[PDB]
Amino acid sequence: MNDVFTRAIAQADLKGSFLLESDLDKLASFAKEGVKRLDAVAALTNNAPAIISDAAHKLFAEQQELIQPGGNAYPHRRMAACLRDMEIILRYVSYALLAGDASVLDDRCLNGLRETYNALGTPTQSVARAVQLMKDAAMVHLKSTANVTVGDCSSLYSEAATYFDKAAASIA
Amino acid sequence: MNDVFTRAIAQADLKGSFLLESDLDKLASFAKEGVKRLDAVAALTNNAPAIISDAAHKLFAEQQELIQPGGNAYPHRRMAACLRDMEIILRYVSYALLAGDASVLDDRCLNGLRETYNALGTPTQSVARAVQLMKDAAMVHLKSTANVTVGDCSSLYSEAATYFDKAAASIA
Amino acid sequence: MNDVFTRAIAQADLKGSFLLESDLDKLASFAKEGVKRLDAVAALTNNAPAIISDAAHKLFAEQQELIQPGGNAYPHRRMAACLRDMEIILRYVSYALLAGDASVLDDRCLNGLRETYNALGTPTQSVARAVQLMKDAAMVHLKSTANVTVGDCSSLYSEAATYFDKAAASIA
Amino acid sequence: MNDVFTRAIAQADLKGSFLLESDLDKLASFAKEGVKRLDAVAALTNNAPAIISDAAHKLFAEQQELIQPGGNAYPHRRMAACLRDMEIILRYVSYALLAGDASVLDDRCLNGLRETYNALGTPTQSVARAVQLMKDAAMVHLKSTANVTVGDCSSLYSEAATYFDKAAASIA
Amino acid sequence: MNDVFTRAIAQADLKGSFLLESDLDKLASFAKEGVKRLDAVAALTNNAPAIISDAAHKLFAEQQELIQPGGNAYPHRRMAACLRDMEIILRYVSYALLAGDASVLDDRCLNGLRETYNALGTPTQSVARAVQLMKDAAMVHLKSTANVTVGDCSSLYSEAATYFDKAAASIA
Amino acid sequence: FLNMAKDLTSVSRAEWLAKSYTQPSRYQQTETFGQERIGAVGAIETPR
Amino acid sequence: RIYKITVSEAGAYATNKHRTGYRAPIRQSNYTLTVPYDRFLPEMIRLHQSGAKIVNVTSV
Amino acid sequence: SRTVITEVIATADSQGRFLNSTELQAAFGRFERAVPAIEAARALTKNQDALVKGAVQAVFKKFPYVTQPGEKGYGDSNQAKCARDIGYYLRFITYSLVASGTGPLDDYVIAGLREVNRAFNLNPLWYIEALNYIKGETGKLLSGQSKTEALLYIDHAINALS
Amino acid sequence: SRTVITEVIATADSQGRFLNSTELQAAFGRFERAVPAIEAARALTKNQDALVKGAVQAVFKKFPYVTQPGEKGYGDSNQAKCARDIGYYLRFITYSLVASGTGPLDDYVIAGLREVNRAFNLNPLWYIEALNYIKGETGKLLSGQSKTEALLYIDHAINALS
Amino acid sequence: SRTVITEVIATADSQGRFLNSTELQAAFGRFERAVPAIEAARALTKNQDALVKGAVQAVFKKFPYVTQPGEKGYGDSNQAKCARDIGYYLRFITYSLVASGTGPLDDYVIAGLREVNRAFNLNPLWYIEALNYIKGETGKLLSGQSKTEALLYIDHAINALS
Amino acid sequence: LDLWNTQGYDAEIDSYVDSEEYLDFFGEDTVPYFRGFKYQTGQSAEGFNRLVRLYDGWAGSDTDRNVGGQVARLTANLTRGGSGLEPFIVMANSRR
Ligand SMILES: CCC1=C(C)/C(=C/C2=NC(=C\c3[nH]c(/C=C4\NC(=O)[C@H](C)[C@H]4CC)c(C)c3CCC(=O)O)/C(CCC(=O)O)=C2C)NC1=O
Ligand SMILES: CCC1=C(C)/C(=C/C2=NC(=C\c3[nH]c(/C=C4\NC(=O)[C@H](C)[C@H]4CC)c(C)c3CCC(=O)O)/C(CCC(=O)O)=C2C)NC1=O
Ligand SMILES: CCC1=C(C)/C(=C/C2=NC(=C\c3[nH]c(/C=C4\NC(=O)[C@H](C)[C@H]4CC)c(C)c3CCC(=O)O)/C(CCC(=O)O)=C2C)NC1=O
Ligand SMILES: CCC1=C(C)/C(=C/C2=NC(=C\c3[nH]c(/C=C4\NC(=O)[C@H](C)[C@H]4CC)c(C)c3CCC(=O)O)/C(CCC(=O)O)=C2C)NC1=O
Ligand SMILES: CCC1=C(C)/C(=C/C2=NC(=C\c3[nH]c(/C=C4\NC(=O)[C@H](C)[C@H]4CC)c(C)c3CCC(=O)O)/C(CCC(=O)O)=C2C)NC1=O
Ligand SMILES: CCC1=C(C)/C(=C/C2=NC(=C\c3[nH]c(/C=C4\NC(=O)[C@H](C)[C@H]4CC)c(C)c3CCC(=O)O)/C(CCC(=O)O)=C2C)NC1=O
Ligand SMILES: CCC1=C(C)/C(=C/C2=NC(=C\c3[nH]c(/C=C4\NC(=O)[C@H](C)[C@H]4CC)c(C)c3CCC(=O)O)/C(CCC(=O)O)=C2C)NC1=O
Ligand SMILES: CCC1=C(C)/C(=C/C2=NC(=C\c3[nH]c(/C=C4\NC(=O)[C@H](C)[C@H]4CC)c(C)c3CCC(=O)O)/C(CCC(=O)O)=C2C)NC1=O
Ligand SMILES: CCC1=C(C)/C(=C/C2=NC(=C\c3[nH]c(/C=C4\NC(=O)[C@H](C)[C@H]4CC)c(C)c3CCC(=O)O)/C(CCC(=O)O)=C2C)NC1=O
Ligand SMILES: CCC1=C(C)/C(=C/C2=NC(=C\c3[nH]c(/C=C4\NC(=O)[C@H](C)[C@H]4CC)c(C)c3CCC(=O)O)/C(CCC(=O)O)=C2C)NC1=O
Ligand SMILES: CCC1=C(C)/C(=C/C2=NC(=C\c3[nH]c(/C=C4\NC(=O)[C@H](C)[C@H]4CC)c(C)c3CCC(=O)O)/C(CCC(=O)O)=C2C)NC1=O
């Protein structure tokens with residue numbers, strides 16, 4: 001697994017050199033911003049069931065074919081698997097947000113997920129759509145100012161969005 | 001693993017509808033000749049060693065290439081593996097006869113068998129010949145009128161022939 | 001796995017034949033010259049650390065790129081794995097020298113090894129170079145007439161050379 | 001662990017004789033009562049959550065010290081273990097009632113159940129009282145004649161009471 | 001797991017001193033007469049089923065109660081277990097004979113056998129009788145002066161008798 | 001045809017059948033054939 | 001906590017092995033296994049299903 | 001789905017043996033009592049309309065606190081897919097009757113029931129009330145073995161919901 | 001021994017759950033079929049001596065060689081053991097009929113049959129031919145479903161011995 | 001196949017280590033015993049036809065009841081297969097002698113022996129008699145140690161059959 | 001997957017090790033070994049092939065240091081149940 005620090009160390013090792021002063025400065029900035037990062041990750045974690053439920057409601061209102069007999073979220077079992085997968089993906093996105101690196105998301109969650117869904121008959125376009133709805137709900141919660149000290153956290157927003165849309169791109 | 005009842009339910013559920021009146025009539029008919037179907041399955045189970053032995057005798061008479069030094073069934077170990085395979089395939093045929101559908105046969109016995117034989121270097125033509133000889137030795141015991149009430153079971157004979165032929169066409 | 005005797009038996013069984021007088025003479029000669037084979041195997045076994053250290057020093061003198069940052073033996077883990085590989089290859093070559101057949105090498109040592117290195121990214125030219133260096137280091141210990149009854153053992157030198165060559169050829 | 005028929009066969013073989021005519025008559029009487037027995041065990045398995053819930057309500061009304069902090073039904077973890085243990089006991093009671101033998105109860109849990117409860121320090125008298133409450137609820141649900149044809153089953157209630165008593169007496 | 005040499009080395013190491021010349025002479029004698037040891041072990045092995053069959057016939061002629069229903073060797077599987085246990089004892093006795101040390105028999109076969117039989121309900125005295133009967137049949141087969149050059153092997157006979165008697169004593 | 005005739009008629013049928021049964025097969029398969037193909041000779045002959 | 005379960009087999013395990021056949025190498029009957037609390041119940045059920053006899057359980 | 005036939009074939013396959021006498025006897029029992037089960041299935045399919053409407057009305061009577069605004073039963077769509085859910089339960093109960101095994105129920109409704117009901121905040125007691133009503137008029141619609149066979153599956157679904 | 005009710009209970013305890021509809025299914029089938037099975041057990045019990053003597057003579061018929069001096073069937077003790085063994089087989093058939101499951105058969109003859117017979121040089125074909133004798137005899141001696149019940153267990157014994 | 005050298009290498013390899021003193025001393029024993037074993041194989045190969053004919057004749061003398069019409073020992077095909085089987089056994093005995101291990105026997109004959117003999121109803125006693133014959137004439141054919149090795153291997157085959 | 005998701009990694013390992021399969025074949029004292037190179041009762045005829053696919057030879061490993069990563073091998077075969085060419089094999093074994 002990799003976080004931002006460990007990737008930096010990895011390229012430095014590939015060159016065989018120490019870490020330059022600019023790289024150390026970037027890592028210092030990261031660690032300074034780490035408390036905002038923790039707030040973002042806790043917003044994702046704390047409000048997770050709400051995010052999953054909102055995404056599910058929007059997705060199954062948009063795509064009613066998924067919940068008709070013959071749909072891919074029709075019986076209770078397939079619906080449970082659908083909600084489980086959405087929870088899993090959001091959970092690995094929160095991991096990547098804390099780590100500052102999308103490595104765990106790729107290695108664990110999106111390692112072979114497109115071929116999995118293709119073999120299952122699962123519409124990967126709809127899975128990507130669910131990831132987008134989860135992203136929207138997550139941004140609604142992460143921009144919330146209640147119970148945090150106000151500040152600029154746009155870099156965290158953009159990075160969270162990149163994790164979400166990277167998941168959606170790997171799936172579809 | 002599907003029988004006729006569960007296959008009918010699966011189709012009815014893809015349609016999203018209750019079982020139709022004609023569907024219930026067909027399933028009631030199936031349950032009606034269930035007793036003759038059980039007679040056939042008992043005929044196959046009670047006479048398995050004779051079926052296998054007859055098939056083996058004819059098979060090794062026809063293809064003596066198989067049991068000479070160098071043949072694929074030559075040493076005691078590989079000959080025992082040959083007889084074991086014959087018993088397995090006959091067992092799955094009897095299962096398919098009981099269930100009324102070949103789903104168990106294809107799924108649990110045939111889907112990868114041919115490429116298993118190719119991987120091991122086993123002549124698939126000879127295995128198909130053995131299965132055909134098993135079909136022959138099984139029809140004779142299957143029609144045996146002794147010990148059971150006299151009646152009509154030509155549909156059952158055709159169904160069992162289809163199972164054996166599907167095994168032989170899959171393996172070959 | 002086979003020795004020379006089992007290789008001969010396997011070839012005779014393909015003919016359904018007993019072992020010929022000539023082949024039995026070859027096997028008897030192999031057995032009578034077995035003390036020399038034992039001494040050669042003891043030479044490989046007893047001098048294994050010397051052989052591997054010599055080969056490693058020469059290999060990393062010739063190819064400095066293997067031990068730079070980014071090389072295939074850079075961190076301690078990759079160098080440890082390299083030394084393990086060399087020890088394993090020498091161990092199996094000694095097994096083959098005792099057995100008299102390269103079967104142990106093909107069945108175990110070189111079974112999935114080229115694909116292993118290819119998937120890892122190991123330069124197989126360098127592995128074959130290490131194996132050749134080990135061959136050079138091992139010939140000097142095989143040929144050492146100190147502390148052993150002097151005689152003609154050129155056949156054993158040639159056989160060990162061919163086993164090292166078979167390893168190197170399978171790699172590269 | 002053996003059924004009433006297998007029990008009778010057990011004594012018959014211990015004396016080595018064929019089954020006596022009186023013992024055969026008893027087994028036939030049991031097989032005649034069998035349908036009543038299936039109605040009884042279906043009553044037990046059918047109403048199990050209600051039986052457990054009522055027994056628990058009463059047991060923790062008559063014994064609050066299990067509910068208080070520092071009690072043995074406290075916290076959620078221990079309370080869930082209590083509910084699960086009543087579940088398992090009722091399951092085994094139904095098993096014994098269908099089997100008609102009492103040793104299928106003693107060889108399943110009661111053999112080590114007491115030693116377990118002494119290791120954990122659980123008050124065995126409370127577990128016995130819970131089983132007795134379960135017995136009362138089971139007789140209440142057993143005697144219900146709705147949706148089943150009417151008839152005497154006094155032997156079945158007696159046997160169920162004996163099995164509940166055996167559980168509550170082997171634990172305590 | 002020891003032999004005569006390893007046991008002697010163990011005592012030598014407990015005293016902390018080199019092996020004495022008397023000990024060296026004793027072990028050189030043991031290795032010089034080890035040819036007779038190999039003959040005795042081969043005689044034990046080649047005739048193992050004959051020994052077991054003879055001992056079983058003798059034991060079941062004498063102890064007739066085992067065969068009858070309710071006896072320990074009545075159920076046909078229990079006869080199989082009796083035969084298996086006899087073969088295991090013979091195998092470990094031959095192991096100990098080849099080693100020259102009884103520790104391999106004890107530590108691996110006899111240490112728990114008493115408790116096993118007692119937990120089972122097997123009569124240990126009949127097992128000891130079976131071991132002695134095996135000792136008699138084995139003595140008959142080892143003393144067979146045919147097939148080997150005639151020689152004095154009273155030490156081997158005594159050693160085998162000691163192993164059989166010690167196995168019997170540990171069993172009962 | 002004279003050779004075929006001599007083999008058929010001149011000699012007894014017993015040794016004829018015996019030699020026909022021991023003729024080397026056209027499948028030239030050793031016992032370990034099939035395990036060498038899938039590469040699992042070692043994985044099978046390892047000691048338990 | 002951790003609990004030590006002393007196991008015995010007096011014939012139910014024996015007859016199960018007789019039906020199925022010896023399938024891993026044979027072993028002596030009486031033996032003891034240490035089990036944590038989390039694995040305590042499944043191990044107990046497994047022993048009961050196998051026909052095993054537990055003579056005592058100790059808590060430590 | 002796991003039915004009598006599927007169960008016996010599975011237990012025969014796992015042990016690697018031909019179907020023995022006990023399994024054949026069980027299969028014969030299933031075949032014989034198909035007829036009451038299919039009669040029950042025909043009865044329930046024919047009466048499905050009044051069945052589902054009565055069940056929804058029973059749910060509303062027992063939980064009048066669900067139809068007010070701000071709650072689950074409020075709305076026309078929520079009504080319609082209440083009826084849709086009860087129709088699902090009825091259809092899978094008829095599937096269970098026809099198949100002479102609870103496999104359709106397990107596979108289609110029971111497998112994954114709790115987490116779905118938790119995710120969408122569906123009270124299982126709503127559905128237990130609906131199925132208890134259906135249980136009530138099964139006696140009105142069914143008789144003999146047919147009634148008990150249908151009751152078995154209705155109780156199984158209620159137990160799983162419990 | 002593992003019989004129909006016993007297999008029900010073992011399957012239910014293996015999955016840690018109750019007795020469901022299918023297990024009640026099998027139990028009802030066994031309980032209703034007990035009557036032909038137990039009448040067959042009675043008939044086999046009353047005719048035990050005639051059957052065992054007929055089967056003993058059948059073995060001496062199809063294997064004339066076993067009886068000459070120096071062979072296994074020669075001697076009064078050996079033929080007494082023959083009679084006792086055929087009686088054992090018949091008794092376990094009747095036990096399996098009563099239990100309505102081959103559990104008695106499996107556990108009392110089948111388990112350990114092959115290696116015991118190997119050890120004592122008993123040919124399984126002797127007992128196969130004897131059991132074929134009992135099969136033919138009971139085909140006449142039994143009427144209706146009881147004939148099927150006896151013959152299925154006899155053929156299971158044949159399949160085991162073969 | 002399982003020989004001295006192959007067992008040595010397998011044990012060394014399973015523990016991931018080179019060949020030490022113990023293993024080389026075992027191989028040394030193999031290389032010494034090669035001489036008696038190889039020339040015992042030579043003597044057995046030379047007299048193969050007489051040995052096979054005598055073994056078949058001994059089988060028929062001990063089992064006269066096979067050769068009359070209707071069973072296994074009747075017919076030219078059956079007797080030819082008998083000669084083929086005894087030649088197989090002798091071939092693999094000589095193979096095992098040369099290889100100095102029961103690997104050829106264990107791998108080609110003994111593995112699967114009982115299942116195959118059961119399936120084709122071949123009595124192991126026939127082959128036991130044939131091998132006991134082979135033992136009788138290898139007693140007089142061979143002297144000193146060669147007799148000893150050939151007897152060890154013949155008896156390993158016998159034991160496997162019994 | 002559901003087991004790991006709902007009960008964690010340890011319960012997932014315990015399922016393998018507390019399984020009846022493990023105890024039948026390895027049972028508390030023998031090291032696990034590759035069974036699937038022989039027919040196992042209840043096998044699906046693609047289990048042999050899936051093991052041959054998973055097995056890489058004696059000198060093969062399951063390392064996560066391979067160039068592309070540690071990647072799945074049997075997903076399509078598992079979900080599909082096979083190659084998906086069998087109906088066409090049946091068609092071919094008819095006329096042509
Ligand atoms: C136990 C887990 C844990 C958490 C949750 C945690 C959060 C945390 N947030 C902090 C402040 C802060 N938190 C935020 C982030 C918020 N501000 C904006 O509203 C954004 C919407 C949002 C980002 C997603 C900001 C901007 C600060 C001010 C400090 C700074 O900007 O460096 C601080 C510093 C002290 C303070 O000002 O309260 C901490 C320790 N620390 C922990 O150990
Ligand atoms: C122990 C488990 C069990 C078995 C095995 C079983 C078979 C069985 N099938 C029966 C009827 C029958 N069985 C057959 C089958 C035969 N007829 C043809 O000659 C074929 C050669 C052959 C089948 C291929 C037929 C045609 C009937 C009559 C159908 C009917 O009952 O209307 C009957 C007698 C019922 C009667 O006729 O009144 C039995 C006992 N029943 C069981 O409970
Ligand atoms: C404990 C392990 C063990 C070992 C190591 C062993 C080796 C061994 N080497 C021997 C002699 C010998 N050793 C050699 C081999 C040497 N000739 C050349 O110098 C080469 C450098 C080298 C071999 C590559 C030769 C040629 C003989 C003489 C035997 C002959 O020529 O036939 C002998 C027989 C002694 C004699 O000459 O009478 C043995 C037993 N035996 C064992 O049991
Ligand atoms: C395999 C056969 C079997 C046995 C031997 C068994 C008894 C049993 N009870 C246990 C715990 C327990 N059992 C209870 C029972 C409750 N305590 C009282 O208040 C109630 C009256 C009573 C209800 C019956 C409690 C509270 C615990 C938790 C003990 C603790 O953690 O402190 C445990 C340990 C659970 C674990 O560690 O995972 C077992 C094995 N259940 C079985 O299926
Ligand atoms: C498939 C599962 C199954 C069910 C649903 C079942 C109910 C059932 N009850 C029956 C009769 C009966 N059942 C009972 C038992 C009842 N008497 C009292 O009301 C008690 C509350 C209760 C038992 C504790 C009685 C007394 C009879 C009538 C006596 C008899 O027919 O033997 C019958 C026999 C009617 C027939 O088929 O011809 C059945 C099938 N049996 C089953 O195997
Ligand atoms: C492959 C396995 C193997 C065996 C079996 C084996 C036995 C063996 N027995 C031998 C002779 C002998 N064998 C025996 C055995 C005794 N004779 C009595 O009748 C006793 C009944 C019997 C005890 C069991 C004796 C006493 C000798 C002669 C010892 C001597 O040469 O001084 C010899 C030496 C013959 C020679 O070279 O001159 C050997 C090597 N060696 C082996 O490598
Ligand atoms: C280390 C080697 C080893 C040995 C030797 C050993 C002995 C042993 N003997 C057993 C049963 C048995 N052992 C016997 C044999 C005795 N009873 C008869 O009376 C005979 C006279 C006598 C034989 C000489 C019998 C009859 C049984 C079956 C007991 C039963 O099932 O009730 C069992 C239990 C079988 C099981 O749990 O599956 C063991 C473990 N166990 C081992 O791990
Ligand atoms: C396999 C069979 C199956 C069942 C049983 C099933 C239940 C089910 N009902 C749903 C909708 C729903 N269904 C209900 C139920 C009714 N609403 C109220 O009128 C009543 C009080 C109440 C019933 C008594 C409700 C409240 C929802 C809302 C879920 C949402 O808003 O997303 C949903 C969410 C999918 C959707 O948005 O339509 C499921 C999974 N789904 C299935 O595929
Ligand atoms: C409860 C189940 C059970 C069975 C089935 C069983 C078979 C059996 N029969 C035996 C004796 C025997 N049984 C026979 C039977 C032969 N007699 C000839 O007339 C016929 C050809 C043939 C019978 C068809 C013979 C010859 C023996 C003597 C075996 C010996 O040589 O010691 C023995 C040896 C133990 C003894 O009786 O002392 C066994 C194990 N044992 C059991 O405990
Ligand atoms: C190299 C390992 C190997 C061995 C040992 C072997 C023996 C062997 N011999 C066979 C045939 C046979 N073998 C015999 C032997 C009998 N002939 C009679 O004269 C005697 C009483 C007796 C010999 C002593 C008979 C009768 C058959 C024909 C059985 C049948 O087809 O029904 C068969 C059955 C398959 C076939 O017909 O070819 C095997 C497996 N096969 C092997 O692959
Ligand atoms: C559940 C469905 C299923 C089946 C049927 C199945 C068959 C199967 N047959 C195998 C080997 C074999 N199978 C055969 C049989 C063939 N060769 C003979 O010549 C005949 C022509 C023919 C039989 C009629 C042979 C000889 C082998 C040994 C191949 C070898 O290892 O060299 C193997 C490899 C493992 C082993 O040797 O036991 C499997 C898995 N596997 C399955 O999972």
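By convention in this document, chain letters (A, B, ...) are assigned in the order of the sequence lines, proteins followed by strands, and residues within each chain are numbered from 1. Just so you know, ligand 1 is whichever comes first in the structure, and atom 1 is the first atom listed for that ligand.
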Sidechain N-carboxylate O distance under 4.0 Å for [X], [Y]:
X: J/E129; Y: J/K61; value: no
X: I/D13; Y: D/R91; value: yes
X: D/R84; Y: D/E87; value: no
X: G/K53; Y: D/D107; value: no
X: H/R33; Y: I/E32; value: yes

Going by the order shown, which atoms of ligand 10 are within less than 4.0 Å of some heavy atom of [X]?
X: J/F60; value: 19 (O)
X: B/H57; value: 30 (C), 31 (O), 32 (O)
X: J/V116; value: 40 (C)
X: J/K81; value: 11 (C), 12 (C), 13 (N), 27 (C), 28 (C), 36 (C), 37 (O), 38 (O)

Hey, are the side chains of [X] and [Y] touching, using non-hydrogen atoms and a 4.5 Å cut-off?
X: J/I86; Y: J/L90; value: no
X: J/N121; Y: J/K72; value: yes
X: B/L133; Y: B/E62; value: yes
X: D/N111; Y: D/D106; value: no

Do ligand 2 and B/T149 have nitrogen or oxygen atoms that lie under 3.5 Å from each other?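 Yes, B/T149 has an N/O under 3.5 Å of an N/O on ligand 2.
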Can you find an N or O of I/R33 that's nearer than 3.5 Å to an N or O of ligand 2?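 Yes, since at least one N or O of I/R33 sits under 3.5 Å from an N or O of ligand 2.
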Decide whether the shortest distance between a heavy atom of [X] and an atom of ligand 10 is less than 4.0 Å.
X: J/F63; result: no
X: F/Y21; result: no
X: J/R84; result: yes

I need the atoms of ligand 2 closer than 4.0 Å to a non-hydrogen atom of [X], numbered in the order shown.
X: B/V148; answer: 16 (C), 22 (C)
X: B/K36; answer: 14 (C), 25 (C), 26 (C)
X: I/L152; answer: 1 (C)

Quick check on [X] - does any of its heavy atoms sit under 4.0 Å from an atom of ligand 2?
X: B/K143; result: yes
X: B/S144; result: yes
X: B/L156; result: no

If you look only at distance, which donor and acceptor atoms sit under 3.5 Å apart when one is on a side chain in residues 53-60 of chain B and the other is two or more places apart or in another chain?
| unit_1 | atom_1 | unit_2 | atom_2 | d |
| --- | --- | --- | --- | --- |
| B/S53 | OG | B/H57 | ND1 | 3.2 |
| B/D54 | OD1 | B/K58 | NZ | 2.5 |
| B/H57 | ND1 | B/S53 | O | 2.4 |

Using a 3.5 Å cut-off on N/O to N/O, what pairs does ligand 4 make with the protein? A line per pair would be great.
| unit_1 | atom_1 | unit_2 | atom_2 | d |
| --- | --- | --- | --- | --- |
| ligand 4 | 9 (N) | D/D85 | OD2 | 2.9 |
| ligand 4 | 13 (N) | D/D85 | OD2 | 3.0 |
| ligand 4 | 31 (O) | D/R77 | NH1 | 3.0 |
| ligand 4 | 31 (O) | G/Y37 | OH | 2.7 |
| ligand 4 | 32 (O) | D/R78 | NE | 3.0 |
| ligand 4 | 37 (O) | G/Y37 | O | 2.6 |
| ligand 4 | 38 (O) | G/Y37 | O | 3.3 |

Indicate every side-chain donor-acceptor pair of residues 65-75 of chain D with a distance under 3.5 Å to a residue at least two apart or in another chain.
| unit_1 | atom_1 | unit_2 | atom_2 | d |
| --- | --- | --- | --- | --- |
| D/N72 | ND2 | D/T122 | OG1 | 3.1 |

Do any nitrogen or oxygen atoms of [X] come within less than 3.5 Å of a nitrogen or oxygen of ligand 10?
X: J/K72; result: yes
X: J/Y88; result: no
X: J/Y108; result: no

Residue pair I/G139 / I/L151: nearest heavy atoms and the distance that separates them: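 Answer, listing the atom of I/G139 first, then I/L151: N-CD1, 4.1 Å.
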Which heavy atom in D/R114 sits nearest to a heavy atom in D/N118, and how many Å separate them?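 For D/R114 and D/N118, the tightest heavy-atom pair comes out as O-OD1, 2.7 Å.
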Not counting sequence neighbours, which residues clear ring-ring contact (aromatic ring centres under 6.0 Å, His included) with J/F92? List them please.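 Partners of J/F92 by the ring-ring contact (aromatic ring centres under 6.0 Å, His included) criterion, ordered by chain and then number, come out as J/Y95, J/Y108.
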Would you sort out whether D/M134 and D/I52 count as a side chain to side chain contact (heavy atoms under 4.5 Å, CB included), showing the intermediate values? CA-CA 7 Å; D/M134 293 176 70; D/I52 308 297; 3.5 Å; yes
Taking heavy atoms and a distance under 4.0 Å, where does J/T67 meet ligand 10: side chain, backbone, both or neither?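 Neither part.
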Checking contacts here: is it the side chain or the backbone of B/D39 that comes within 4.0 Å of ligand 2, counting heavy atoms only? Could be both or neither.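 Within the 4.0 Å criterion, B/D39 contacts ligand 2 through side-chain atoms alone.
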